[PDB]
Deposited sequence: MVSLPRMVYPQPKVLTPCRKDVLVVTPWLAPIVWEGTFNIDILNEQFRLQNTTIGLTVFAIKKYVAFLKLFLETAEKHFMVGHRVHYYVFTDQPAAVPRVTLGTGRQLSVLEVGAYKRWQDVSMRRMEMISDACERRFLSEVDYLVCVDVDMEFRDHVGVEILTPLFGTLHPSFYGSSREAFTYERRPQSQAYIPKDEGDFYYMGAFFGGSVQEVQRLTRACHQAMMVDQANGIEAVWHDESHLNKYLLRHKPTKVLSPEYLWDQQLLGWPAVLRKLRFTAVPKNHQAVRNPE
């Protein structure tokens, strides 16, 4: 039993709910979570969530993790992978059933550019290990909290998330890389969306492809003495232009209430930034 979908009365009429390559754009009201939960339960799906907490960012872990336990893939199997240069600093947080956490220890870089940029390398290389332990990988920023449901509706071979400062914008304004000497180069009259670096994912296979390609593309740039304007986010936008995501998450999935409010078009604020100095 569930309400009957009605072909001639669209749930959402205020937003675009599918891209021109027929990928769903995920917004409240486009899905029935009970149907989707049923489908994902039947494959006994496991979701991996990677998060980096290097240096002072280990401060963000506790709230990240507590809110992930209330809102992320609740009822499904989750494996948190925390990447950190301080394993002892990882708070002990009580996990629901079928949920686990592993701490993976890594080097720090002095520059914040490289910490964010080397995520691609580092996720890429836990490679044979993700393939056996999980069906999907979701890769997010640690400086964040869950405030509402983030579940299996997002799961697809490849997804990105609409940057919240640019969803209502035109492509000319998108802060893509505009210098043709960077591998992240996107010309002025190309681009579907501007995707944020802080929330992407997909199957293990598609995420390893993305992260390999972004790393291989960041390296090429260095050996040409150039750094992409917005770094990993620049390379992500380039990969996602050429390899179009099979779902696109609305800005419900990456928001900042302080900076942008709660507009009517956003019926839930699911995963939001935390203030930092």
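For this chain, the deposited residues without C-alpha positions form the stretches 1 to 7, 132, 286 to 293, given in sequence order.
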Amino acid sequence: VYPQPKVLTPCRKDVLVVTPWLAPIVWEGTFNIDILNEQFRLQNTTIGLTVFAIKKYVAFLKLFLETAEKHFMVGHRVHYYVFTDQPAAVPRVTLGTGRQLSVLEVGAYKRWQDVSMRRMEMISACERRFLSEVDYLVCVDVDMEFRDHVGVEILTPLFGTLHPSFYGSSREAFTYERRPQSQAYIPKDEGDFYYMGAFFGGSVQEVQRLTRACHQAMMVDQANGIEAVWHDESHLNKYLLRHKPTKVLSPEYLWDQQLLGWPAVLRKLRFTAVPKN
From here on, numbers count along this sequence of modelled residues.
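On average the C-alpha atoms of 63 to 71 have higher B-factors than those of the other stretch, with 63 to 71 and 22 to 30 being the two compared. Higher mean CA temperature factor between 181 to 189 and 199 to 207: 181 to 189, per the PDB entry. Residue set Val51, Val58, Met218, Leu240: peak C-alpha B-factor at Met218 (per PDB entry).
Of the candidates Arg147, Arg118, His76, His79, the PDB record gives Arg118 the highest C-alpha temperature factor. Remark: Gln39 belongs to the middle third of its chain, ranked by C-alpha B-factor as recorded. Compared with the other modelled residues of the chain, the Cα B-factor recorded for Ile47 ranks in the lowest third. The deposited CA B-factor of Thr84 belongs to the middle third of values across its chain. When the modelled residues of the chain are ordered by their C-alpha B factor, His163 lands in the middle third. The entry lists a Cα temperature factor for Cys214 that places it in the middle third of the chain's modelled residues.
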